[PDB]
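As structure tokens, the structure follows; a few thoughts come after it.
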Amino acid sequence: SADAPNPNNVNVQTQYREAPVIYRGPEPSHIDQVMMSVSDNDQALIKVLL
Amino acid sequence: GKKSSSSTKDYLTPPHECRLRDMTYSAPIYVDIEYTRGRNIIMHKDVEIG
Amino acid sequence: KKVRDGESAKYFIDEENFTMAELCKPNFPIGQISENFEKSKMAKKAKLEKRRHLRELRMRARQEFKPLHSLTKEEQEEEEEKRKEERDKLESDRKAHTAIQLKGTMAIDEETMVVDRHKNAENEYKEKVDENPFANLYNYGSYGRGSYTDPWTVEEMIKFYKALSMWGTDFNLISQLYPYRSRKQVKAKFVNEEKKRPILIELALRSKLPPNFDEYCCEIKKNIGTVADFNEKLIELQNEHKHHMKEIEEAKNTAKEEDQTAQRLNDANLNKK
Amino acid sequence: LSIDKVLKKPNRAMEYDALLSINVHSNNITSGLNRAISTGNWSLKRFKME
Amino acid sequence: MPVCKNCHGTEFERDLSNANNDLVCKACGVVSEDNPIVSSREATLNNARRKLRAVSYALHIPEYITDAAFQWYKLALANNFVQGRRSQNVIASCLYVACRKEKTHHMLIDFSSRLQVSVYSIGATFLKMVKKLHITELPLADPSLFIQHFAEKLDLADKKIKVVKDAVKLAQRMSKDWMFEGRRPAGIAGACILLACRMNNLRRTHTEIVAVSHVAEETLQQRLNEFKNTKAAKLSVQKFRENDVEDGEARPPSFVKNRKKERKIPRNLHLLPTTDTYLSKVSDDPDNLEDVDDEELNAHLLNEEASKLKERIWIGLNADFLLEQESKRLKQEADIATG
Amino acid sequence: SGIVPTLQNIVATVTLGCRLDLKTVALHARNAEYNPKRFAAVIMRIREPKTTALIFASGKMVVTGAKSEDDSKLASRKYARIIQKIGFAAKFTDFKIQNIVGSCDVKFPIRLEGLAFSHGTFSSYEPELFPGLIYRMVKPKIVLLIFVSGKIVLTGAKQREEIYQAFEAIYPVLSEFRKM
Amino acid sequence: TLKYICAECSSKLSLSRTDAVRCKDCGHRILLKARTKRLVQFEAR
Ligand SMILES: [Zn+2]
Ligand SMILES: [Zn+2]
């Protein structure tokens, strides 16, 4: 989906490779409030603070 | 943000909720204008603009 | 009675109301309402008065046997209402003309053209005439083309069978023979009458009546001259001959103007040296 | 400009497209009014400043 | 990528510690690399993108589906699908197919309201622009989010979940109960929102629902008449049952109109009837035409007497078009003389 | 079961040789529909069934109101006869069948939400443009009209065998999602 | 799974894999996440 092909019946969702964001930090921390929500354009906004 | 039949907005999206939803805190415009609709008819439709 | 929450979930709701049974789907006032009283009340009223307006238009169209001229008569009546509003709300016809002398004046009348700077200056006119209240109505579902018809007159059917016994499948003449109907709806009438009846239509095609009363009705109800093929053919030939003579005279005048321009160019070349 | 774009055909005069077509440039006051306050650069075409 | 010295083709892992993050191999340990280094037609498509932006921000759709409709229009123009339109119908049809891809709530009337175009011509061009697909897999048979998002601008309630969830439950139960197959999703949304509002202790004027839902007044009453016909509606007044069992005796009225179908006022290839024998019997002779003497060949034309009267009628009535045609020929043979 | 569709109407054309003229002979007759519109052609005795069709463009008039090929060519026998009653050549050349319309009903109509949810490769089912399903059969070139009411009506075919092979090959599909 | 605490009336709802995320009868849009049931350990320093 980085390019723009046609929406054919071929497998578009054929791979789900992992590119997350990771806590790069010197000291360990904790998670106290994680929330998933909606934005203006109906997409899953997720905010998490550490 | 008046809407002079009902209340002000009936939500008027709450501010601390609007800070977490990644939405702008807003209330719309309301105007009153004429037209030249018919050959002998002028409407007074009351619309909103942004 | 009024708008009040009588009851629900137990029986027919009756605390302050006029209901005595369930299944209130028919008219669908049941409990109470507190939203959109007057703007939703004055919508079916506007629809009903516009439907009665179109019905009285269809009734008036029977008298004057010209459909689009009846529509222009309707807009002539509403612009008579507009000039009545010009009498009411308010010389007044401050407009322009085909020439530049517009006003008051054509120019100054003292010594020379004084108001030519003001006469040379359309969008300043009389418009505060037609004032009408607003609404929030709609015309959706399907809007555009359509067919406003009625249950047809049986005397119109008798006239149609007499016509088809007298002057048959002649779509334009049948549309002109009923000069307040239209063309596609009487074509649907053609296929509808072709559907249900073989006997009187077969006797009608057996009859072969000569068309004199049809021309009588078409010359009275329309007031058309109907000049014959010799007179109309002679008028068309005279118009074609006048157009050909005008084209030949224009070509000869253009050739004479080109010759005069060539002579003027030769004279300018003689005067340049 | 939209009014002048519509009024250019032998069709019937503009009754309802004047009543409409205000919530098509209604996202010019909102988007500009949010962009100029979320960025901080106010381009004006009558005072000529940035 | 598989460039290494001691092993070949192994996996790799950039370091997390020591702020060093080099791309290193496994089980022997070799960096195997350096340090990491990190850091014409277009005018027509621009006009189409501006028009699609206008219809997108007017029809209240998100920003990604605008680019989806843009790449769909680019692929379609690469397939040369249409030319010379007013482009309102074209952009509306492209945004309609990109919008009916997703489960959002936009019908044909929301597009037909723009530019005051009749909805049937827009649907006709929508079935003319399917001369590129040969896939046509559109998930269109789910009017469930229509109930979820029509109930925000119409049928305003204090709760708007008690009416809405029971509304979509009754509407899906009725659609699975044989009352929806090409049966007006906006109309069934209006019908199973008026019914669920009747379940609530608040009433609506019948004009207020059918105004903004873009549905007729008589059709929703026909729907509610069929709701009164099918459901007994005695237990429906107080409270619906928690365990609703509905099996059999469920049909749209097209089944009824086929059940009565009037008004009183061993498969084999050779046993099928052949159609060439009807064409083979009657002759293919262009010269033989006189075998149809059944009082019709002797009754086509009449005499000269009652024919100049018909010519008089035709020249008297159909005169202005013939005069305009002859005058247009005179206009031509005037203005083609010069250059 | 083993039912057969009944045909409704067929439309074809025929090519003639010379330059025709139906402005004076039809003027000496009963009926003449002088059309100021695009199709400038007159029609005498439209109503008499399976005898007279309608408008010609350049002479190649269509066939209107015919079911069988006896009445289709018998009507075409009566058209070149009128054109020779004018006094012309009126050749009967290239009688090619273009449209045969057939309608039927299997009396047990079936569900279409599953036939449109799963069998979407050969159909474009759109609810309120038109309630009947548009079945795009590619073998042969026939666009079927599947209806919610169940009265299956076929059009666009050029042969009756094409209608039989199109209706027989869809009856197991009708018996697949078969709910009375 | 019993998680996804609301932010207006604090209801324990479990949304499916396709929800277009929405709350319960409170009529809200956002939702937090409940605490895990594991055993966190650390000293009191
Ligand atoms: Zn290694
Ligand atoms: Zn809550």
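Residue names in the structure tokens use chain letters A, B, ... in the order shown, residue numbers from 1 in each chain, and ligand numbers from 1 in the order shown.
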Give the residues close to ligand 1, within 12 Å, counting only C-alpha atoms and all ligand atoms; write them as a CSV table (one decimal) with C-alpha atoms, in the first residue's frame.
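The resulting file, selection-v9.csv, is reproduced below:
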chain,number,residue,atom,x,y,z
E,2,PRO,CA,23.3,-11.5,3.4
E,3,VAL,CA,26.8,-10.1,3.1
E,4,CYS,CA,28.9,-11.6,6.0
E,5,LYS,CA,32.2,-13.3,6.6
E,6,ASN,CA,31.8,-16.3,9.0
E,7,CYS,CA,28.2,-17.2,8.2
E,8,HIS,CA,25.8,-16.5,5.3
E,9,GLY,CA,22.3,-15.2,5.1
E,10,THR,CA,21.5,-15.0,8.9
E,11,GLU,CA,19.2,-12.5,10.6
E,12,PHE,CA,20.3,-9.2,12.0
E,13,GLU,CA,19.6,-6.8,14.9
E,23,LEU,CA,23.4,-3.7,12.2
E,24,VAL,CA,25.1,-6.9,13.4
E,25,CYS,CA,24.8,-10.6,12.8
E,26,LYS,CA,24.3,-13.5,15.2
E,27,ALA,CA,26.2,-16.4,16.8
E,28,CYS,CA,29.7,-15.3,16.0
E,29,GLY,CA,29.3,-11.5,16.1
E,30,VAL,CA,30.5,-9.4,13.1
E,31,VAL,CA,29.2,-6.0,12.2
E,32,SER,CA,29.8,-6.9,8.5
E,33,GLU,CA,29.2,-3.3,7.4
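Neighbours of ligand 2 at a cut-off of 6 Å, computed so that only C-alpha atoms and all ligand atoms are counted, are the residues residues 6, 7, 8, 9, 10, 11 and 26 of chain G.
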Query raised in the report: Would you list which chain B residues are within 10 Å of chain G using only C-alpha atoms, as a VMD selection string?
Result: chain B and resid 17 20 to 21
Store the residues picked out above in a file with C-alpha atoms, as a PDB file, in the first residue's frame.
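The result, written out as selection.pdb:
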ATOM      1  CA  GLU B  17     -12.407  15.870  26.328  1.00  0.00           C
ATOM      2  CA  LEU B  20      -7.629  14.236  24.383  1.00  0.00           C
ATOM      3  CA  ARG B  21      -9.681  13.548  21.228  1.00  0.00           C
TER       4      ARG B  21
END
Report task. Provide as JSON, numbers by chain the residues of chain G at most 12 Å from chain A, counting only C-alpha atoms. Result -> {"G": [3, 4, 5, 6, 7, 15, 18, 19, 20, 21, 22, 23, 28, 29, 30, 31, 32, 33, 34, 35, 36, 40, 41, 42]}
Write the selection just made, keeping N, CA, C and O atoms, as a JSON list (two decimals), in the first residue's frame?
[["chain", "number", "residue", "atom", "x", "y", "z"],
["G", 3, "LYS", "N", -12.05, -5.46, 30.15],
["G", 3, "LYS", "CA", -11.19, -4.28, 30.19],
["G", 3, "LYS", "C", -11.94, -3.13, 29.52],
["G", 3, "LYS", "O", -13.17, -3.17, 29.41],
["G", 4, "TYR", "N", -11.19, -2.10, 29.12],
["G", 4, "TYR", "CA", -11.67, -0.92, 28.39],
["G", 4, "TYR", "C", -12.72, -0.16, 29.21],
["G", 4, "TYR", "O", -13.90, -0.10, 28.87],
["G", 5, "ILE", "N", -12.24, 0.40, 30.32],
["G", 5, "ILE", "CA", -13.08, 1.22, 31.18],
["G", 5, "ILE", "C", -13.47, 2.50, 30.45],
["G", 5, "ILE", "O", -12.64, 3.14, 29.79],
["G", 6, "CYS", "N", -14.74, 2.88, 30.56],
["G", 6, "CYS", "CA", -15.22, 4.12, 29.97],
["G", 6, "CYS", "C", -14.67, 5.33, 30.72],
["G", 6, "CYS", "O", -14.07, 5.22, 31.79],
["G", 7, "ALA", "N", -14.89, 6.51, 30.15],
["G", 7, "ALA", "CA", -14.42, 7.75, 30.74],
["G", 7, "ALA", "C", -15.54, 8.69, 31.18],
["G", 7, "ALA", "O", -15.25, 9.80, 31.63],
["G", 15, "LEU", "N", -15.18, -4.57, 23.37],
["G", 15, "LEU", "CA", -15.41, -4.37, 21.94],
["G", 15, "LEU", "C", -14.76, -5.49, 21.13],
["G", 15, "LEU", "O", -13.78, -6.11, 21.56],
["G", 18, "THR", "N", -13.92, -5.52, 15.09],
["G", 18, "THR", "CA", -14.42, -4.44, 14.24],
["G", 18, "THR", "C", -15.56, -3.75, 15.00],
["G", 18, "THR", "O", -16.63, -4.31, 15.21],
["G", 19, "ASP", "N", -15.30, -2.52, 15.45],
["G", 19, "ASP", "CA", -16.27, -1.82, 16.27],
["G", 19, "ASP", "C", -16.51, -0.39, 15.80],
["G", 19, "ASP", "O", -17.61, 0.14, 15.98],
["G", 20, "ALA", "N", -15.49, 0.20, 15.16],
["G", 20, "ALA", "CA", -15.42, 1.64, 14.87],
["G", 20, "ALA", "C", -15.66, 2.44, 16.15],
["G", 20, "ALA", "O", -16.65, 3.16, 16.29],
["G", 21, "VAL", "N", -14.67, 2.32, 17.04],
["G", 21, "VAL", "CA", -14.79, 2.24, 18.50],
["G", 21, "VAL", "C", -15.82, 3.17, 19.13],
["G", 21, "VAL", "O", -15.84, 4.39, 18.89],
["G", 22, "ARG", "N", -16.73, 2.58, 19.90],
["G", 22, "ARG", "CA", -17.85, 3.29, 20.53],
["G", 22, "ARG", "C", -18.06, 2.73, 21.93],
["G", 22, "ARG", "O", -17.65, 1.61, 22.25],
["G", 23, "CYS", "N", -18.69, 3.54, 22.76],
["G", 23, "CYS", "CA", -18.93, 3.21, 24.16],
["G", 23, "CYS", "C", -20.30, 2.55, 24.31],
["G", 23, "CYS", "O", -20.90, 2.08, 23.35],
["G", 28, "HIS", "N", -20.45, 7.97, 24.78],
["G", 28, "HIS", "CA", -19.14, 8.60, 24.78],
["G", 28, "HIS", "C", -18.34, 8.04, 23.61],
["G", 28, "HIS", "O", -18.73, 7.06, 22.97],
["G", 29, "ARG", "N", -17.20, 8.67, 23.32],
["G", 29, "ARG", "CA", -16.36, 8.28, 22.20],
["G", 29, "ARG", "C", -15.04, 7.65, 22.62],
["G", 29, "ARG", "O", -14.64, 6.63, 22.06],
["G", 30, "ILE", "N", -14.35, 8.24, 23.59],
["G", 30, "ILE", "CA", -13.06, 7.72, 24.00],
["G", 30, "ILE", "C", -13.25, 6.70, 25.12],
["G", 30, "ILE", "O", -14.29, 6.64, 25.78],
["G", 31, "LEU", "N", -12.22, 5.89, 25.35],
["G", 31, "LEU", "CA", -12.22, 4.94, 26.45],
["G", 31, "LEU", "C", -10.79, 4.63, 26.86],
["G", 31, "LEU", "O", -9.90, 4.55, 26.01],
["G", 32, "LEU", "N", -10.59, 4.46, 28.16],
["G", 32, "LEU", "CA", -9.29, 4.12, 28.72],
["G", 32, "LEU", "C", -9.13, 2.60, 28.72],
["G", 32, "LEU", "O", -9.89, 1.87, 28.09],
["G", 33, "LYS", "N", -8.11, 2.11, 29.43],
["G", 33, "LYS", "CA", -7.86, 0.68, 29.54],
["G", 33, "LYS", "C", -7.67, 0.33, 31.01],
["G", 33, "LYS", "O", -7.02, 1.06, 31.76],
["G", 34, "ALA", "N", -8.25, -0.80, 31.41],
["G", 34, "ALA", "CA", -8.18, -1.24, 32.79],
["G", 34, "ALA", "C", -6.77, -1.73, 33.14],
["G", 34, "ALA", "O", -5.96, -2.04, 32.26],
["G", 35, "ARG", "N", -6.50, -1.80, 34.44],
["G", 35, "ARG", "CA", -5.22, -2.30, 34.92],
["G", 35, "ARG", "C", -5.13, -3.81, 34.70],
["G", 35, "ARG", "O", -6.12, -4.53, 34.82],
["G", 36, "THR", "N", -3.93, -4.27, 34.35],
["G", 36, "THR", "CA", -3.69, -5.70, 34.19],
["G", 36, "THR", "C", -3.78, -6.42, 35.53],
["G", 36, "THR", "O", -3.66, -5.82, 36.61],
["G", 40, "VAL", "N", 2.92, -6.88, 39.86],
["G", 40, "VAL", "CA", 4.06, -5.98, 39.73],
["G", 40, "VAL", "C", 4.87, -6.03, 41.03],
["G", 40, "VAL", "O", 4.31, -6.17, 42.13],
["G", 41, "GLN", "N", 6.20, -6.00, 40.90],
["G", 41, "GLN", "CA", 7.09, -6.14, 42.04],
["G", 41, "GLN", "C", 8.21, -5.11, 41.98],
["G", 41, "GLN", "O", 8.73, -4.81, 40.90],
["G", 42, "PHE", "N", 8.54, -4.56, 43.15],
["G", 42, "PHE", "CA", 9.62, -3.60, 43.37],
["G", 42, "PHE", "C", 9.79, -3.40, 44.87],
["G", 42, "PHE", "O", 8.89, -3.70, 45.66]]
Requested in this report: Define the interface residues of chain B facing chain E as those within 12 Å, counting only C-alpha atoms, and report them as a PyMOL selection string.
Outcome: chain B and resi 6+10-11+49-50
Report task. Using backbone DSSP assignments, extract all helix (DSSP H, G or I) residues from segment 52-229 of chain C; output them as an NGL selection string. Result -> :C and (52-60 or 67-89 or 116-119 or 154-166 or 171-177 or 183-196 or 199-207 or 213-220 or 229)
Report task. Please report as a PyMOL selection string which residues of chain F come no farther than 12 Å from chain C, using only C-alpha atoms. Result -> chain F and resi 27+29-37+42-49+65+128-129
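Interatomic distance, atom CA of residue 151 of chain E to atom CA of residue 211 of chain E: 13.1 Å.
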Query raised in the report: Please, which residues of chain D lie no more than 10 Å from chain E when the count uses only C-alpha atoms, and can they be set out as a ChimeraX atom specification?
Result: /D:6,14-18,20-28
Write out as a CSV table (one decimal) with C-alpha atoms, in the first residue's frame every residue belonging to chain E that has an atom at most 8 Å from any atom of chain A, counting only C-alpha atoms.
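So the final result, stored in result-v4.csv, reads:
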chain,number,residue,atom,x,y,z
E,16,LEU,CA,19.6,-0.9,21.7
E,61,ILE,CA,-15.9,12.6,3.9
E,62,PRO,CA,-12.4,12.1,5.4
E,63,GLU,CA,-9.1,13.0,3.7
E,71,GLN,CA,-6.1,7.4,-7.7
E,72,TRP,CA,-9.3,5.7,-8.8
E,75,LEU,CA,-6.7,4.7,-13.1
E,135,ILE,CA,-14.6,-7.2,-10.7
Set the cut-off to 9 Å and count only C-alpha atoms: what are the residues of chain G that reach chain E? Output as a PDB file with C-alpha atoms, in the first residue's frame.
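Output saved as result_20.pdb:
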ATOM      1  CA  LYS G  24     -22.025   1.909  26.020  1.00  0.00           C
ATOM      2  CA  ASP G  25     -25.206   3.756  27.197  1.00  0.00           C
ATOM      3  CA  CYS G  26     -23.135   6.717  28.502  1.00  0.00           C
ATOM      4  CA  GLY G  27     -22.866   7.885  24.883  1.00  0.00           C
TER       5      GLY G  27
END
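Residues lying within 6 Å of segment 113-127 of chain F, counting only C-alpha atoms and ignoring same-chain neighbours fewer than 6 positions away, are residues 135, 137 and 182 of chain E; 133, 134, 135 and 136 of chain F.
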Requested in this report: Compute the set of chain B residues within 6 Å of chain C, using only C-alpha atoms, and express it as a PyMOL selection string.
Outcome: chain B and resi 40-44
If you keep N, CA and C atoms, can you produce a file of those selected residues as a PDB file, in the first residue's frame?
ATOM      1  N   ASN B  40     -40.423  35.668  -8.615  1.00  0.00           N
ATOM      2  CA  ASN B  40     -41.018  36.607  -7.674  1.00  0.00           C
ATOM      3  C   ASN B  40     -40.876  36.147  -6.225  1.00  0.00           C
ATOM      4  N   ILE B  41     -39.900  35.289  -5.930  1.00  0.00           N
ATOM      5  CA  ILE B  41     -39.745  34.673  -4.617  1.00  0.00           C
ATOM      6  C   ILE B  41     -38.337  34.957  -4.110  1.00  0.00           C
ATOM      7  N   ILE B  42     -38.238  35.440  -2.870  1.00  0.00           N
ATOM      8  CA  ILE B  42     -36.962  35.649  -2.190  1.00  0.00           C
ATOM      9  C   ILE B  42     -36.982  34.855  -0.890  1.00  0.00           C
ATOM     10  N   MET B  43     -36.084  33.879  -0.775  1.00  0.00           N
ATOM     11  CA  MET B  43     -35.957  33.063   0.422  1.00  0.00           C
ATOM     12  C   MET B  43     -35.089  33.757   1.465  1.00  0.00           C
ATOM     13  N   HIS B  44     -35.299  33.379   2.727  1.00  0.00           N
ATOM     14  CA  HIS B  44     -34.519  33.899   3.845  1.00  0.00           C
ATOM     15  C   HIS B  44     -33.876  32.750   4.612  1.00  0.00           C
TER      16      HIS B  44
END
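Take atom CA of residue 189 of chain C and atom CA of residue 148 of chain C: the distance between them is 13.8 Å.
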Report summary line: Correct to one decimal, the distance atom CA of residue 143 of chain E-atom CA of residue 251 of chain E is 19.0 Å
How close does each residue of chain E get to chain C, giving the shortest atom pair and distance in Å to one decimal for every residue with an atom at most 7 Å away, counting only C-alpha atoms, sorted by chain and residue number, as a Markdown table?
| residue | atom | partner | partner_atom | distance |
| --- | --- | --- | --- | --- |
| E:118 | CA | C:144 | CA | 5.8 |
| E:119 | CA | C:142 | CA | 6.9 |
| E:201 | CA | C:31 | CA | 5.8 |
| E:202 | CA | C:32 | CA | 5.5 |
| E:203 | CA | C:33 | CA | 5.2 |
| E:204 | CA | C:33 | CA | 6.4 |
| E:205 | CA | C:40 | CA | 6.8 |
| E:207 | CA | C:40 | CA | 6.1 |
| E:208 | CA | C:40 | CA | 6.0 |
| E:211 | CA | C:138 | CA | 6.4 |
| E:214 | CA | C:140 | CA | 5.5 |
| E:215 | CA | C:141 | CA | 5.4 |
| E:216 | CA | C:141 | CA | 6.0 |
| E:233 | CA | C:23 | CA | 6.3 |
| E:234 | CA | C:23 | CA | 6.9 |
| E:237 | CA | C:22 | CA | 6.1 |
| E:238 | CA | C:9 | CA | 3.8 |
| E:239 | CA | C:9 | CA | 5.5 |
| E:311 | CA | C:229 | CA | 6.8 |
| E:312 | CA | C:228 | CA | 5.1 |
| E:315 | CA | C:229 | CA | 6.3 |
| E:316 | CA | C:226 | CA | 4.4 |
| E:330 | CA | C:243 | CA | 6.9 |
| E:334 | CA | C:247 | CA | 6.0 |
Query raised in the report: Taking only C-alpha atoms into account, which residues of chain E are within 6 Å of chain F, as a ChimeraX atom specification?
Result: /E:135,137,182,254,278-279,286,289,301-302,307
Next, dump the selected residues to file, keeping only C-alpha atoms, as a compact mmCIF listing (two decimals), in the first residue's frame.
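So the final result, stored in again.txt, reads:
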# COMPACT_ATOMS: atom_id res chain seq x y z
CA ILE E 135 -14.62 -7.15 -10.66
CA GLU E 137 -17.22 -6.55 -5.75
CA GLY E 182 -34.05 -3.80 -3.09
CA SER E 254 -44.03 -9.30 -4.49
CA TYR E 278 -40.14 -20.65 -38.31
CA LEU E 279 -37.61 -18.63 -40.31
CA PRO E 286 -36.81 -10.04 -52.51
CA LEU E 289 -44.04 -9.91 -52.17
CA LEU E 301 -53.39 4.19 -50.09
CA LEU E 302 -56.57 6.02 -51.06
CA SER E 307 -55.03 13.57 -49.99
Report task. Please run DSSP on the backbone and report, as a VMD selection string, all residues within segment 68-157 of chain F that come out as strand (DSSP E). Result -> chain F and resid 93 to 103 133 to 137 142 to 146 153 to 157
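In terms of minimum interatomic distance to chain C, D:19 ranks closest within D:31, D:43, D:36, D:19, counting only C-alpha atoms.
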